[PDB]
Every structure is written in C-alpha cells, then in structure tokens.
Amino acid sequence: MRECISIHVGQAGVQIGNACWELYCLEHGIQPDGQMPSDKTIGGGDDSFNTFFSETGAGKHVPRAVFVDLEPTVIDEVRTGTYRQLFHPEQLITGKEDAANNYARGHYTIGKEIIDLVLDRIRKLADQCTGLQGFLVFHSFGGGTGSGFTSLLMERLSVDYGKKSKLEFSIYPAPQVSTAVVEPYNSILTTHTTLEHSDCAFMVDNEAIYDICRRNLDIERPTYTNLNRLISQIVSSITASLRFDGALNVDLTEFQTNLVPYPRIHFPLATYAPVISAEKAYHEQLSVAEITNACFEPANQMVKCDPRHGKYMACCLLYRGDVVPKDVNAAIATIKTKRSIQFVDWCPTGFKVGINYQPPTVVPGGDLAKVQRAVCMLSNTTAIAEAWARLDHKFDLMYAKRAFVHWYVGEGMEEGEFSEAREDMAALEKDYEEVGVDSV
Amino acid sequence: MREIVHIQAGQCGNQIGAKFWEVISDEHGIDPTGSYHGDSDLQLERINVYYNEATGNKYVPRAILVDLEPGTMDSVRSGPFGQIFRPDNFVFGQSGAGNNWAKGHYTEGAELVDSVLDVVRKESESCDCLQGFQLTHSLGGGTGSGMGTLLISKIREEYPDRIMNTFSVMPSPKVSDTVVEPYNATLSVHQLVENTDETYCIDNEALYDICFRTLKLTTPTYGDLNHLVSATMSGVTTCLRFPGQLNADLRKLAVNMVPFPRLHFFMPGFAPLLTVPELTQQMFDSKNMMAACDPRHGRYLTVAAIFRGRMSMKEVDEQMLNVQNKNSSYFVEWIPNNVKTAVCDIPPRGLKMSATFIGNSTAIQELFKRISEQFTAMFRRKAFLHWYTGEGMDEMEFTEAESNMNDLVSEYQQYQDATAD
Amino acid sequence: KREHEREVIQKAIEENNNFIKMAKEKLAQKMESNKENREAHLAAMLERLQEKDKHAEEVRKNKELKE
Ligand SMILES: Nc1nc2c(ncn2[C@@H]2O[C@H](COP(=O)(O)OP(=O)(O)OP(=O)(O)O)[C@@H](O)[C@H]2O)c(=O)[nH]1
Ligand SMILES: Nc1nc2c(ncn2[C@@H]2O[C@H](COP(=O)(O)OP(=O)(O)O)[C@@H](O)[C@H]2O)c(=O)[nH]1
Ligand SMILES: Cc1cc2nc(/C=C/c3cccnc3)sc2cc1C
Ligand SMILES: [Ca+2]
Ligand SMILES: [Mg+2]
Ligand SMILES: [Mg+2]
C-alpha cells in the first residue's frame with residue numbers, strides 16, 4: 001500500500017538512481033541479490049519498505065523503479081554491476097542513439113520511438129500496486145534526454161494517471177561539471193513544459209554539491225560518484241518517511257501541504273547536515289543543535305541562493321537518527337532568536353518537524369562519515385528564484401543572437417516554443433516576487 | 001555501437017589518412033597484420049568506433065580509400081599498415097583529375113562516385129548505430145577537392161541525418177603544387193559551407209611555418225607536415241576513441257561547437273611542438289595553431305580543449321579558468337561557458353602529456369581572406385578559366401562561389417563585433 | 001446540501017478530466033507540428049541536393065555540346 005514508483009531518466013537520473021537504490025538496500029538490510037534476511041513475511045507484505053520494494057515468491061526484494069536512457073552505455077553498467085540481480089531486465093530500458101544534448105531529440109525525434117515502451121513498463125509496475133501513491137522522477141536539466149524525454153514522460157503520465165502525484169529530483173546545471181553549452185536552453189524548455197505536470201520538484205545545483213564536496217569533504221576534484229553519493233543522502237532523508245515507520249514520523253505529503261502554497265510555487269530549497277569526513281568526525285559528536293544551525297548556513301544548501309535576502313513561506317525539518325523533540329525545540333528556539341528568518345505575512349512562522357529513528361547509513365568506501373544523527377531542511381523561500389534568474393540570463397544572452405537554435409529547429413522545433421518557454425519563466429520569476437510582497 | 005566511417009580522397013587525403021591510421025593503431029595496439037597485441041583494455045573499449053571486428057579477431061579499419069589515379073593509393077598498400085586495410089575498400093580510377101576541381105566534381109570524379117557509394121553503403125549497413133562520416137582531403141587539388149566535395153553531397157542524400165565532418169587541407173604558396181589552387185579552394189569551400197557539420201582547417205601555410213620556425217626545418221617535406229597533421233588528428237579523435245569522463249559522439253560535439261550552421265570551420269591546435277600551466281598557455285598560442293590565423297585578431301565563439309596524460313585534474317581546471325579570465329576579451333560574452341575541457345589518461349606516443357586545441361574563432365576569416373585575395377587576383381583576368389569552362393562550367397558558378405565565401409567572412413565579422421547589450 | 005455535495009465531487013471529476021483532455025490535445029498538436037516541421041526541413045534539404053544533380057547534368061551536357 002502507498003507504493004512509490006521511481007523513474008530515472010538519462011545519465012544523471014540513472015547514476016543518481018544507482019546511488020539511491022544502493023543506499024536504500026543498505027538502510028533496509030537488502031543484499032545485492034535482492035534477499036532480505038530480516039523480512040520474515042515471504043512473498044509480500046505491508047511493511048513500510050514495501051512502498052519502494054516489491055517482493056517475489058523467492059524472497060527477492062525488487063525496486064519499484066524504471067531506468068530509461070536513449071543510449072545504452074550508462075544503464076549497461078547497471079546490467080553488469082554489483083546490483084545487476086536486483087533489477088528485472090524489463091525495468092532497464094535503453095535506445096541506440098542519445099539526444100545529443102538536444103531537447104528536441106529527447107522530446108520528439110528520438111524520444112517518441114521509445115515512449116510507448118517506457119509507459120508500458122511503468123504500467124507493469126503500477127498494476128502490481130494495491131494503492132499507488134505517485135511517481136518520483138530523477139533527471140538532469142541540461143541533457144537532451146533528462147530534459148526532453150522527461151517532459152514528454154511527465155506529459156504522458158498526466159494523461160495515463162490523471163493528477164496522481166509526481167515529484168521531481170532535478171539536476172540544475174553547473175559549469176564545473178557541465179560539458180554542454182546549450183543546457184540553459186534545455187533547462188528553460190523542460191521547466192516550462194513539466195511545470196503544470198509536476199506537484200513538487202527538488203532542484204539540486206551541481207555547483208552547490210560540488211562546493212560542499214570540496215569544502216566539507218576535502219575533495220580536490222569531485223566526480224559524479226562524489227556528487228551522487230551526497231545527493232542520495234538528501235533523497236534518502238526526503239523519502240525516509242515513506243520507507244520507514246515511526247512514532248515521530250511525519251509523512252512527506254504532510255510536509256508537501258505546507259511546502260506548496262500555489263501550484264506553480266512547488267520548488268523547495270533543501271539543506272543537509274552534517275556533511276563531514278571521517279577524519280573530522282572522529283572524537284567530535286555533532287549535536288541536534290549544531291546540525292540544526294548548519295541548516296541555516298547557505299553553504300549547505302542544495303541550491304545556491306541567499307534566503308537571507310528573501311522570505312520564507314514554509315520551513316520543514318526532517319531529522320533522522322538519535323533525535324528527540326526536546327533537543328529539537330531547544331535548537332529551534334535558539335535559532336529563532338539569532339538567524340535572519342523572515343516569513344511572508346500570509347503564512348505561519350512555525351517549523352514543521354519530523355523524526356525518523358533509523359540512523360543514517362553510508363556507502364562503503366565513501367567519503368561521508370558515519371554520523372549518529374542527521375537533518376534535512378526543506379524550506380519554501382522566494383530566494384530560490386535566483387536560480388531561475390541566473391539560468392534565464394544565460395538563456396537570453398544566446399537567444400538574442402539565436403545561437404545554437406538551428407540544432408533545435410532542425411529537429412522540428414519552432415522559435416515560438418523558445419519564446420513561449422521564456423515568457424513562462426518570466427511569469428514564474430514574477431510569481432515569486434508577488435508572493436513575497438506584503439498584504440494590504 | 002557508435003561507428004564512424006572514414007573516407008580519404010586524392011593524393012593529400014590518402015597520405016594524411018594513412019598516417020592517421022598508423023598513429024591510432026599504435027595507440028590501440030594494432031599491428032599491421034590487424035591483430036591486437038596491446039596491454040590495456042582501454043584500447044579496445046571503444047575500438048569499434050574506427051575498427052571492424054572480422055574473422056580471426058582481426059581489427060579492420062572502417063576506411064574507404066578513393067582516388068582518380070593508382071599512384072598514391074598504391075603507396076599506401078605497399079607502405080606500413082598496408083595489409084591492414086580492406087582490399088575491396090580500395091576504389092581508384094585511372095584518368096586522373098589533373099589538379100582540376102571541375103574534373104573532380106563534374107566529369108572524371110562523377111564517373112567513379114557510384115562505385116565509391118557502394119562501398120559506403122556496405123560499411124554503413126554493418127554499423128549498429130552510425131555516428132557519421134569523416135573525410136580527409138585537400139582543397140587545392142582535383143580529386144580530393146572536386147570528388148571529395150562531390151562525395152559529401154551524395155552521402156548527404158542517402159544519409160541526411162548523419163554527421164558529416166572533414167579534415168580539409170588549405171592550399172599555400174609556400175607548399176604550392178600548381179597555380180590554380182585558389183580556384184579549387186574557393187569552389188571547395190562553397191560546398192563545405194553548405195554540406196558539412198564540422199570542418200577542420202588544416203592550413204599548409206601554418207604547417208610550413210611551424211616546421212620552419214619552431215621545428216627548425218629549413219626544407220620541410222610533406223612527411224614533416226603530415227607529422228603535425230597526424231598528431232592533430234590523433235588528438236581531436238581522442239575523446240571519441242577512448243573511455244573518459246566525456247560521453248559524446250560527433251553530433252553532441254557539434255552541438256557544443258557550432259552556434260551557427262555556416263560557421264563550422266575550426267582552428268586546430270597542438271602542444272607541445274612540462275607543466276600544465278605551460279601546456280595550457282602554449283595551447284592557446286597562435287604559433288601552435290594549425291591554421292595561419294591569429295586568435296587575438298578575432299573572438300572565440302566556442303573552444304574545445306583536450307588534455308592527455310596523467311596530470312592534476314584540479315590544476316587543469318585552474319589553468320583553464322585562469323586563461324579565460326586573463327583573456328576574456330577574446331571570448332564572446334553572449335555565449336556563457338563556451339570553453340569545454342576533456343581529459344584522457346592515455347598520452348600520445350612519445351609524450352608524457354599533451355594538449356589538443358579545437359577553436360571556433362572569427363579570426364579564421366584571415367584564412368578565407370587570404371584565399372579570396374589569391375582567387376580574385378586570377379579571376380579578374382580570367383586566368384586558366386578554360387580548364388573549367390571546358391568541363392562544362394561557366395563564369396557564373398565561379399562568381400557564386402566567390403560571393404558565398406565572401407559572405408562567410410562578413411558573417412564571422414558580424415558575430416565578432418556583436419555585443420551582449 | 002446533498003445536491004451541493006454532488007456538484008462539488010462532479011466538479012472535481014470534470015476538472016480532472018479536462019486537464020487530461022487538454023494535456024492529450026496539446027501533446028498531439030506538438031508532436032504533429034514537430035513531425036511536419038522536421039519533414040519539411042529534410043524535404044528542403046533533399047530538394048537542394050536534387051537541384052545539384054540538375055546542375056551537374058547541365059554541366060556534362062554543356063561540355064558535350066563543345067565536342
Ligand atoms: N549530479 C550529477 N549530475 C550529472 C550526472 N551525470 C550527468 N550530470 C549532469 O547532467 C547534465 C547533462 O545531462 P546528462 O544526464 O548527462 O545527459 P542525458 O540525460 O543522458 O541526455 P543526452 O546525453 O543528451 O541524451 C550535465 O549538466 C551534467 O552535469 C551525475 O551523475 N550526477
Ligand atoms: N600536408 C600535406 N599536404 C599535401 C600533401 N599532398 C598534397 N598536399 C597539398 O594538397 C594540394 C594539392 O592537392 P592534391 O594532393 O594534388 O589533391 P588531388 O588532386 O586530389 O590528389 C597542394 O597545395 C599540397 O600542398 C601531403 O601529403 N600533406
Ligand atoms: C567539447 C569538445 C568537443 C570535441 N570535439 C572533438 C572532435 C571530434 C571529431 C573527431 C573526428 C572528426 N570530427 C570530429 S574532440 C572534443 C573535445 C571536447 C571537450
Ligand atoms: Ca515481506
Ligand atoms: Mg546521455
Ligand atoms: Mg597532387
């Protein structure tokens with residue numbers, strides 16, 4: 001019951017899926033062959049982890065996930081990797097030719113040739129659910145598949161499943177690890193298209209994650225492996241309420257009620273703590289107070305922006321591990337008298353708190369230290385519009401000269417689609433200004 | 001899974017094509033007999049890009065050798081790595097081109113183009129997912145220029161949704177074979193602008209200057225010039241042939257490098273001719289360019305840099321940021337993050353580490369201005385036009401080719417003077 | 001009050017159905033518009049290449065009328 005189906009699109013989506021599903025298996029004690037010795041109920045069950053894992057007669061715990069990419073090289077590694085026995089072959093879908101960082105190829109030219117197959121595979125998962133809650137879609141903004149095909153998928157999912165909840169984990173493009181120049185185009189295009197088809201989207205700035213890995217983990221040159229393992233921890237924190245049962249546990253949908261005041265305003269800012277190496281975490285225990293303080297340090301945000309220069313519409317604290325309400329309340333009280341937390345005048349200023357007793361786990365051979373407690377803050381701040389602003393500006397610089405647009409027109413797109421997508425972004429930025437203005 | 005079909009036409013095209021397969025076979029551990037005797041599995045992971053796997057674990061180059069005379073192609077079969085090529089892929093004529101573009105594109109070359117296309121189809125249908133094509137040729141000759149551009153047009157018909165790239169060799173009076181080369185070049189460019197996605201301008205004048213001034217060679221031969229071409233071609237194909245952080249085919253490469261369809265003529269670079277800052281600074285040095293153009297006389301639309309060898313990834317990022325800041329004026333502002341960097345662990349033969357440069361600069365107009373200047377100097381007096389009008393051409397077609405290349409120059413100047421505001 | 005309860009839930013169904021209808025139509029419009037545009041793009045490209053054939057035949061014909 002209340003099953004969640006994950007869909008990982010493109011290179012970024014797939015590889016992030018790898019990290020998350022590896023992390024999930026470690027959290028639930030699931031072996032790479034799919035076996036779970038602790039699970040006494042054979043064949044099925046109504047346990048909390050069953051929302052993400054289905055069960056077979058042989059006791060194999062199978063991820064409710066679909067991996068999609070327009071080229072095979074990335075998903076092939078999953079087919080031959082450590083967790084190859086974890087996924088049924090039908091869950092791993094590949095094409096021959098990618099979208100070449102072209103939104104048009106991902107949404108039209110190449111994407112249309114595989115979209116029916118993908119939906120069919122998704123339908124096979126949905127039919128195994130007794131009460132499907134919704135979808136979790138993992139993709140990049142800058143890739144042709146992660147942008148183009150995702151938007152096509154989100155559109156089709158709205159048709160096949162109505163208003164069944166769809167959540168995004170989106171990878172915001174950053175120069176440090178980006179290898180494409182047209183990513184602002186693909187980003188604006190996919191954001192405009194999925195906007196009315198997405199209930200909630202967690203953006204992850206690659207530069208923010210890049211910085212955290214360098215600053216807090218002493219990594220000179222962070223790889224995708226470095227970034228993804230950190231990203232998986234945030235994703236785990238966000239989905240922990242769905243996968244674990246607890247007394248102090250607060251469902252994600254309940255947080256979502258506070259996080260989304262208007263349909264278009266559905267981009268929460270995520271902040272995670274503690275991110276610390278084993279060398280620095282040795283003989284140094286980080287309390288509830290300390291990790292809660294770190295949430296309001298901008299250097300720990302998933303997205304680079306300044307909440308101090310914006311206004312809050314919601315603040316959620318998702319704790320996990322050795323954490324009791326008493327310490328949380330004390331920590332919050334201290335913060336509320338020191339930090340620059342400014343709320344809009346039309347919403348309460350309280351902090352919504354959740355606690356999962358299950359302590360954080362780390363991937364073996366990783367950089368993150370094994371901490372007793374961790375916290376992920378999800379806040380709705382107008383400051384996240386800065387991420388739109390930086391991206392929209394890069395868009396305008398190239399489009400004024402119509403740079404690279406011929407690659408899109410050649411694949412069947414029109415200039416009207418670009419301007420329409422940009423105007424939507426303009427309205428979106430304008431929407432974030434309007435919600436911050438005080439009432440009459 | 002991502003295959004490339006290689007085509008070489010004319011004297012120049014085959015000789016630089018031969019050297020290309022020699023260098024990359026050495027890097028992939030392929031002997032002239034076609035067997036593999038390397039030491040790394042990274043030499044075979046993307047081996048299918050340029051090689052076919054036949055009976056007996058042989059790696060046969062997916063290459064098609066074309067010419068209108070047996071002369072040059074016979075030297076390939078007898079030279080090193082001669083028995084490695086597929087014998088049926090040898091398509092040669094007899095009558096020759098006589099250094100005439102008209103005979104290459106309209107008369108002689110058109111009588112042989114179908115037999116070449118048959119070999120292309122056979123190679124293309126054996127591909128799981130064909131990326132596209134790469135052509136090595138000269139623009140100042142007859143076969144490589146005339147029939148080379150002819151092949152492009154015919155392939156564009158049968159494979160319009162494939163990438164068409166060329167390694168074109170620009171004619172120079174310093175290494176001039178004839179005197180009618182400005183005509184052949186201009187006519188070739190007139191075709192390249194319309195029917196190619198990427199074109200590498202291997203300028204002979206630049207090659208001669210490097211050998212003479214930098215490599216200290218008083219009497220440079222074609223063997224000396226092609227040594228620079230081989231090293232350059234080996235570098236620009238590195239990320240395609242080797243496993244790395246970059247997962248991109250010809251199409252994805254073109255998307256990041258070509259902001260405007262016509263403006264797709266790149267300035268190759270190489271270093272050295274040793275620390276990462278030094279390697280980076282030399283890579284952007286105008287004396288290390290394979291095109292006789294000063295990048296500080298124009299602005300960069302897009303830049304692709306490739307580092308090879310074991311080095312500090314952190315230091316590479318630091319130096320690439322450092323050069324952009326200190327030289328911001330030479331990078332257009334209306335294209336954010338137009339400089340990309342790739343790194344391969346495997347260095348070229350003989351070097352600890354190297355760097356290959358691919359620049360899309362507006363300063364390449366200097367190369368076209370040079371050709372146009374030599375072109376119009378002959379066309380204004382109707383010199384040697386009987387060679388072309390005798391094959392069926394007219395003066396109108398010459399004027400159109402001249403007008404198209406002059407437009408290309410105006411276009412490069414437009415975006416050079418373009419500003420963000 | 002009972003008939004108001006009916007009107008609310010049937011308004012929810014109507015809005016949900018219209019959203020699905022709009023999405024299906026907008027998508028059908030886009031995939032059709034794209035198909036026409038991409039075909040026309042390749043149609044124009046091949047027609048130019050077929051024009052080069054017409055020009056090439058005239059070249060060989062013009063030379064033939066010189067012998
Ligand atoms: N955080 C993170 N970002 C990634 C990862 N892989 C790719 N990206 C980002 O994704 C963007 C490029 O899109 P990709 O996902 O790699 O490409 P794709 O979705 O497969 O689309 P096509 O290759 O064009 O078919 C770049 O901005 C990368 O920084 C990853 O493993 N982790
Ligand atoms: N770098 C280099 N240039 C060459 C070579 N052979 C010919 N060229 C150049 O190509 C031009 C003549 O083209 P050519 O080879 O005769 O073309 P073809 O008529 O098709 O055989 C001259 O300007 C030469 O400078 C070579 O082996 N290396
Ligand atoms: C951005 C970027 C682009 C790029 N393009 C290359 C050329 C490939 C090629 C090889 C043979 C024929 N035609 C094209 S290498 C390269 C490296 C980077 C980082
Ligand atoms: Ca069970
Ligand atoms: Mg990809
Ligand atoms: Mg010759």
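Naming: A, B, ... by sequence-line order, numbering from 1 per chain. Below, all heavy atoms of this structure are taken into account, side chains as well, without hydrogens, waters or symmetry copies.
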* To do: Verify the distance criterion only: is there a donor paired with an acceptor across the side chains of B/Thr221 and B/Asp224 at less than 3.5 Å?
  => yes
* To do: Decide side chain to side chain contact (heavy atoms under 4.5 Å, CB included) for B/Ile306 and B/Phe357; before the verdict, give the C-alpha distance in whole Å, the side-chain angles of both, and the deciding distance to 0.1 Å.
  => CA-CA 6 Å; B/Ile306 304 96; B/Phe357 176 89; over 6 Å; no
* **salt_bridge(B/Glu27, B/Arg241) N-O dist < 4.0 Å** => yes
* How about B/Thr199 and B/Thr166: does a side-chain donor come under 3.5 Å of a side-chain acceptor? -> yes
* Asked: Do any N or O atoms from the side chain of B/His105 and from the backbone of B/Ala102 form a donor-acceptor pair under 3.5 angstrom?
  -> no
* Asked: If we ignore angles and hydrogens, is there a donor and acceptor under 3.5 Å between the side chains of B/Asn404 and B/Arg262?
  -> yes
* State whether a side-chain donor-acceptor pair under 3.5 Å links B/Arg62 with B/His6. => no
* Would you confirm whether B/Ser372, through its side chain, and B/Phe368, through its main-chain N or O, come within 3.5 Å as a donor-acceptor pair? => no
* **Side chain B/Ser78, main chain B/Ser75, donor-acceptor under 3.5 Å** => no
* **Audit row: B/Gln11, B/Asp177, side-chain hydrogen bond (donor to acceptor under 3.5 Å, both in side chains) steps and yes/no** => CA-CA 12 Å; B/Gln11 179 178 1; B/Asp177 281 21; 5.4 Å; no
* Crowded around B/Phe81 CZ? As in, over 12 foreign heavy atoms under 6.0 Å? -> yes
* Asked: Got a sec: does the NZ of B/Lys382 have more than 12 other heavy atoms crowding it under 6.0 Å?
  -> no
N/O donor to acceptor pairs below 3.5 angstrom from side-chain atoms of residues 63-73 of chain B, sequence neighbours left out:
none

* Polar side chain donor-acceptor pair, C/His55 to B/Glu397, under 3.5 angstrom -> yes
* Describe, in one word, how the ring planes of B/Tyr183 and B/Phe375 are oriented to each other, choosing from parallel (under 30°), tilted (30 to 60°) and perpendicular (over 60°). => perpendicular
* B/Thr302 side-chain N/O to B/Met257 backbone N/O, donor-acceptor pair under 3.5 Å -> yes
* No-hydrogen, no-angle side-chain donor-acceptor test under 3.5 Å, B/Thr389 and B/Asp394 -> no
* To do: Could you tell me whether a side-chain N or O of B/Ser230 sits under 3.5 Å from a main-chain N or O of B/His227, the two making a donor and an acceptor?
  => yes
* Looking just at side-chain N and O atoms, do B/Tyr388 and B/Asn184 make a donor-acceptor pair shorter than 3.5 Å? -> yes
* **Criterion salt bridge (charged side-chain N to carboxylate O under 4.0 Å, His left out) on B/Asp197 and B/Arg162, from CA distance to verdict** => CA-CA 9 Å; B/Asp197 299 312; B/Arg162 303 300 181 186; over 6 Å; no
* Asked: Any side-chain donor-acceptor pair under 3.5 Å between B/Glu53 and B/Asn48?
  -> no
* To do: Could you check whether the rings of B/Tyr208 and B/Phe212 sit parallel, tilted or perpendicular, using 30° and 60° as the cut-offs?
  => parallel
* Between the side chains of B/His297 and B/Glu366, is a donor N or O closer than 3.5 angstrom to an acceptor N or O? -> yes
* Asked: Rounded to the nearest 0.5 Å, what separation is found between the NZ atom of B/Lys154 and the CG atom of B/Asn195?
  -> 11.5 Å
* Side-chain (C/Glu57) to main-chain (C/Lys54) donor-acceptor, under 3.5 angstrom -> no
* Asked: Any side-chain donor paired with an acceptor under 3.5 Å for B/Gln134 and B/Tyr50?
  -> yes
* Asked: Within the distance-only criterion (no hydrogens, no angle test), does the side chain of B/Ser410 pair as donor or acceptor with the backbone N or O of B/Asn406 below 3.5 angstrom?
  -> yes
* Taking 4.0 angstrom as the limit, do C/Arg60 and B/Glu391 come out as a salt bridge? -> no
* Can you name the side-chain contact (heavy atoms from CB on, under 4.5 Å) partners of B/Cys344, sequence neighbours left out? -> B/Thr238, B/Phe242, B/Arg308, B/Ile346
* According to the interplanar angle, ranging from 0 to 90°, do the rings of B/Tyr200 and B/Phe167 count as parallel (below 30°), tilted (30 to 60°) or perpendicular (above 60°)? -> parallel
* To do: Could you verify whether a donor N or O on one side chain and an acceptor N or O on the other, from B/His137 and B/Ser145, lie under 3.5 Å apart?
  => no
* Asked: CD of B/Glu158: more than 12 outside heavy atoms within 6.0 angstrom?
  -> yes
* Give a yes-or-no answer on whether the side chains of B/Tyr51 and B/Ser25 include a donor-acceptor pair shorter than 3.5 Å. => yes
* Side chains of B/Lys287 and B/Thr214: is there a donor and an acceptor less than 3.5 Å apart? -> no
* Asked: Going by distance alone, is a donor N or O of one side chain under 3.5 Å from an acceptor N or O of the other, for C/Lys52 and B/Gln191?
  -> yes
* Asked: Do the charged groups of B/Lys252 and B/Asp249 touch, with an N to O distance under 4.0 Å?
  -> no
* Asked: Under 30°, 30 to 60°, or over 60°: which ring-plane class applies to B/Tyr106 and B/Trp101, parallel, tilted or perpendicular?
  -> perpendicular
* Are there more than 12 heavy atoms of other residues, nucleotides or ligands under 6.0 Å from atom NZ of B/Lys174? -> yes
* Can you tell me if B/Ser153 uses its side chain to pair, donor with acceptor, with the backbone of B/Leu150 under 3.5 Å? -> no
* Asked: CG/B/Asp161 to CE/C/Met45 distance, rounded to the nearest 0.5 angstrom?
  -> 9.0 Å
* Take B/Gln8 and B/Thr136 through the test side-chain hydrogen bond (donor to acceptor under 3.5 Å, both in side chains) and record every step on the way to the result. => CA-CA 5 Å; B/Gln8 52 186 61; B/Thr136 64; 4.6 Å; no
* Is any NZ, NE, NH1 or NH2 atom of the basic residue among A/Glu97 and B/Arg251 found under 4.0 Å from an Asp or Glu carboxylate oxygen of the other? -> yes
